[PDB]
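Colleague: I am attaching a structure below and will ask some questions about it afterwards.
What follows draws every value from the coordinates through simple rules; no lab data is involved. For neighbour counting, all protein chains shown are included, and Cβ atoms are generated from backbone atoms with ideal geometry for every residue, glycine included.
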2 protein chains.
Amino acid sequence: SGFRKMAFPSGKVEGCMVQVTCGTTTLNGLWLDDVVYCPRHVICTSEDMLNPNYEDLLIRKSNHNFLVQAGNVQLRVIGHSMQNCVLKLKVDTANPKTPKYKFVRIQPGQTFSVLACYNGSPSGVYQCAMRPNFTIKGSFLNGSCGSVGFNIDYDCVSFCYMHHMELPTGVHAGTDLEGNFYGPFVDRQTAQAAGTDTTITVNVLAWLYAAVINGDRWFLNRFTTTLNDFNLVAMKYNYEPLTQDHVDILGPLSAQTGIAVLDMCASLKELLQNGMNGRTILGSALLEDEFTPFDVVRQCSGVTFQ
Amino acid sequence: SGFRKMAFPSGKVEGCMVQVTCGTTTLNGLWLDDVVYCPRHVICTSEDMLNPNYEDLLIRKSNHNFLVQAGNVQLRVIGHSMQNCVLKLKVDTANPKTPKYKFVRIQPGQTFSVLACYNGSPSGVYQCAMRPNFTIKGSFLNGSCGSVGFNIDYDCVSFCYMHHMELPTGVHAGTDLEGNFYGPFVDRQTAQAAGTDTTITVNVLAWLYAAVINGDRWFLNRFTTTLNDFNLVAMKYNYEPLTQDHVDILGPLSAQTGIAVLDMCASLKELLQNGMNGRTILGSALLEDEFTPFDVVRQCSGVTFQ
Ligand SMILES: *SC[C@@H](NC(=O)CC[C@H](N)C(=O)O)C(=O)NCC(=O)OC(C)C
Ligand SMILES: *SC[C@@H](NC(=O)CC[C@H](N)C(=O)O)C(=O)NCC(=O)OC(C)C
């Protein structure tokens, strides 16, 4: 019945986006309860970015130097503080649209939706993964900083990403909502470069199970393998090593399809060595790795939110 | 700075989704002002679907036989009528969350976002195109009928698709909001099968311009061609014929990149004949055709909505 890269409905987060201007820098912030979260580099000019001293740059800032606009209303800033690489701007009015929410730091391989924003206004929504090198492959232009990533489980919004930087290679880096960068990146315009972008093996496997459900089965070979032998072939193709926990997590997909996880590993092996010879799997000629096992289950059964 | 399949923020449409039950059939409807739109096959059982007589099946239905639930509130139905293949259920209260909106019938090759719903609740959001054979390649399971497709231009929601059917081949068919199917499909469970799924040439070209902007340029060959000669090669590869209007529409992308449209056509020709030899363009090993020229411009400049 089809399988698609699908983000969470975004309406909940839309009503949390505001515009933050400090000096001549404008970007997005996240208004939850009576606090606005935003990247601390809002206080930097374009000169300041090669070597910012954030503590020093902050000294010359007062509550009234952060202008925060929701649609066309100014919120009054009644306090502000730096936490790691984010600013938390206390405002005098709780967002009436605040959802049930929490802050989560996700693991590499985990997926989430990004609401890309400019000047506090939503532009669009798409699904990302936290790559193993702790970048993400997004779509962000000047002024997108402060856009967030999230997951939704029923009525509860889990915020896991804030956008801060684009590296020379055009991939993207950012923090959790406590202001800690994912990976080794820093909010400085310097020589920092991403490591090997390895493939999230367990997510590829999840997606092959997804394909089987939806009718693409040509790749279902007639072998099985072992974790150790499969990983010797994953290594050379820059695939993340597959663990027993990963096997466990696929157990549900294994049980719905009747195909043992190691059998699927054998099929994947043969795809890595022999190619797809021009074939397609769910309308991709590449092996997709930004679906989690939970994503597959969700989409193939119809889990809802509100 | 990255390029991604990106849907419109969905919050506006979320607040229009309700649950419609008639008899033992439940699906989604769209509540705008004091009217709820939904697929007329809500009134059919699973037996009724091989050969429904909708006019006859409707005779035994009254306003009180349609139960409409918004979250956990019942709307009172004060009138109902069939329009083509949709029912319009007049309710006694205007949706207070109704956006500025209009109904548009889109052309093949045009793109839109789908908010997939189950039991009146949002499940996720993704971007589709109206294919030239008038199917779409979505993600829809039992109970997703009534989910809608839309575009947003600033504050105005243009609804263009309602989901009704999944064909034996696992692609999807549906109507505009006036209840007219796209293409030759009917709301009957019979032998109807999609035609040739040709590729939307102009959108492929748009996406190559997108790639050039974002750094992927290896395919920029050193030829040019003519519309007529390029189309003789598009034909055999089941590509939609390229017209002058299509050339005109790419004019803006041509001007930003400095690459003439016919030069891009020559590059595409060479890709169709020689393949991608394992290379990638914007992280696809296939030529993508569900971005419009307007989509590219939008995303590469940062157009916002609210
Ligand atoms: S987000 C819903 C919930 N948070 C949790 O307890 C997380 C565990 C599950 N995801 C769940 O039970 O939903 C909650 O009540 N959050 C309220 C809230 O706004 O918390 C903020 C930290 C203030
Ligand atoms: S949707 C905004 C507008 N509709 C138009 O006039 C379409 C042309 C442009 N997209 C635009 O000007 O935005 C409008 O005022 N719609 C109001 C509305 O709800 O209309 C329904 C038909 C009732």
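Colleague: In the range A:80-130, what count of residues is obtained for those that are closer than 14 Å to residue A:32 by Cβ and without any contact (Cβ under 8 Å) to a residue 12 or more places away in the chain?
Modeller: Result for the range A:80-130: 1.
Colleague: Among the residues of the range B:117-139, which ones are more than 17 Å from residue B:18 (Cα to Cα) and not in a strand (DSSP E or B)?
Modeller: Scanning the range B:117-139 gives B:130, B:131, B:132, B:133, B:134, B:135, B:137, B:138, B:139.
Colleague: What number of residues within the range A:177-236 satisfy the criterion of being small (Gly, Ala, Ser), touching a residue at least 12 places away in the same chain (Cβ under 8 Å) and part of a loop (DSSP other than H, G, I, E, B)?
Modeller: 5
Colleague: Before we move on, is residue B:255 out of contact with any strand residue (DSSP E or B) (no Cβ under 6 Å at 6 or more places or on another chain), surrounded by fewer than 14 Cβ atoms within 10 Å (Cβ to Cβ), part of a helix (DSSP H, G or I) and more than 11 Å from chain A (Cβ to nearest Cβ)?
Modeller: yes
Colleague: Give me a count of the residues in the range A:283-306 that are more than 8 Å from chain B (Cβ to nearest Cβ) and polar (S, T, N, Q).
Modeller: Number satisfying all stated conditions: 1.
Colleague: What do you reckon, is residue A:64 more than 30 Å from residue B:5 (Cα to Cα), out of contact with any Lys or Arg (no Cβ under 6 Å at 6 or more places or on another chain) and assigned to a helix (DSSP H, G or I)?
Modeller: yes
Colleague: So, in the range B:96-115, how many residues would count as being within 13 Å of ligand 2 (Cβ to nearest atom), under 10 Å from residue B:160 (Cβ atoms) and out of contact with any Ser or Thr (no Cβ under 7 Å at 6 or more places or on another chain)?
Modeller: So the answer is 1.
Colleague: Against the definition (surrounded by 14 or more Cβ atoms within 10 Å (Cβ to Cβ) and in a loop (DSSP other than H, G, I, E, B)), how does residue B:277 come out, yes or no?
Modeller: So residue B:277 does not fit the description; no.
Colleague: I would also like to ask the following. State which residue is nearest to ligand 1 (Cβ to nearest atom) when the search covers only the range B:91-116 and only residues that are outside any strand (DSSP E or B) and out of contact with any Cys (no Cβ under 8 Å at 6 or more places or on another chain).
Modeller: The selected residue is B:96.
Colleague: Just for the range B:77-90: of the residues that are under 24 Å from residue B:174 (Cβ atoms) and surrounded by fewer than 17 Cβ atoms within 10 Å (Cβ to Cβ), which one is nearest to ligand 1 (Cβ to nearest atom)?
Modeller: Ranking the qualifying residues of the range B:77-90, first place goes to B:90.
Table: residues versus (1) crowded, with 24+ Cβ neighbours inside 10 Å; (2) within 16 Å of ligand 1 (Cβ to nearest atom); (3) among the acidic types (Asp, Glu); (4) within 30 Å of residue A:297 (Cα to Cα).
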position	(1), (2), (3), (4)
B:137	no, no, no, yes
B:167	no, no, no, yes
B:172	yes, no, no, yes
B:187	no, no, yes, yes
B:190	no, no, no, yes
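Colleague: Further question on the same structure: What are the pairs, 6+ residues apart or on separate chains, where a residue within the range A:144-172 that is within 13 Å of chain B (Cβ to nearest Cβ) and over 13 Å from residue A:99 (Cα atoms) has its Cβ under 7 Å from a residue that is part of a strand (DSSP E or B) and acidic (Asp, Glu)?
Modeller: Correct list of pairs: A:172/A:166.
Colleague: Would you confirm whether any residue within the range A:56-76 is away from ligand 1 (no atom under 16 Å from the Cβ), surrounded by 13 or more Cβ atoms within 10 Å (Cβ to Cβ) and on the phi > 0 side of the Ramachandran plot?
Modeller: Among the residues of the range A:56-76, not one is away from ligand 1 (no atom under 16 Å from the Cβ), surrounded by 13 or more Cβ atoms within 10 Å (Cβ to Cβ) and on the phi > 0 side of the Ramachandran plot, which makes the answer no.
Colleague: Take the residues in the range B:1-28 that are assigned to a loop (DSSP other than H, G, I, E, B) and more than 30 Å from residue A:135 (Cα to Cα); name whichever of them is nearest to the other protein chains (Cβ to nearest Cβ).
Modeller: B:15
Colleague: In the range A:37-51, is there at least one residue being away from ligand 2 (no atom under 16 Å from the Cβ), without any contact (Cβ under 8 Å) to a residue 24 or more places away in the chain and within 27 Å of residue A:131 (Cα to Cα)?
Modeller: no
Colleague: Kindly indicate the residue of the range A:71-95 that is farther than 19 Å from residue A:165 by Cα and charged (D, E, K, R) and also farthest from the other protein chains (Cβ to nearest Cβ) among those meeting that condition.
Modeller: A:90
Colleague: Oh, and also: Answer yes if at least one residue in the range B:29-52 is assigned to a loop (DSSP other than H, G, I, E, B), within 14 Å of another protein chain (Cβ to nearest Cβ), among the polar types (S, T, N, Q) and surrounded by fewer than 24 Cβ atoms within 10 Å (Cβ to Cβ), and no otherwise.
Modeller: no
Colleague: Also: Considering only the range B:67-85, I want to know if a residue exists there that is more than 22 Å from residue A:282 (Cβ to Cβ) and within 17 Å of the chain's Cα centre (by Cα).
Modeller: No, every residue in the range B:67-85 fails to be more than 22 Å from residue A:282 (Cβ to Cβ) and within 17 Å of the chain's Cα centre (by Cα).
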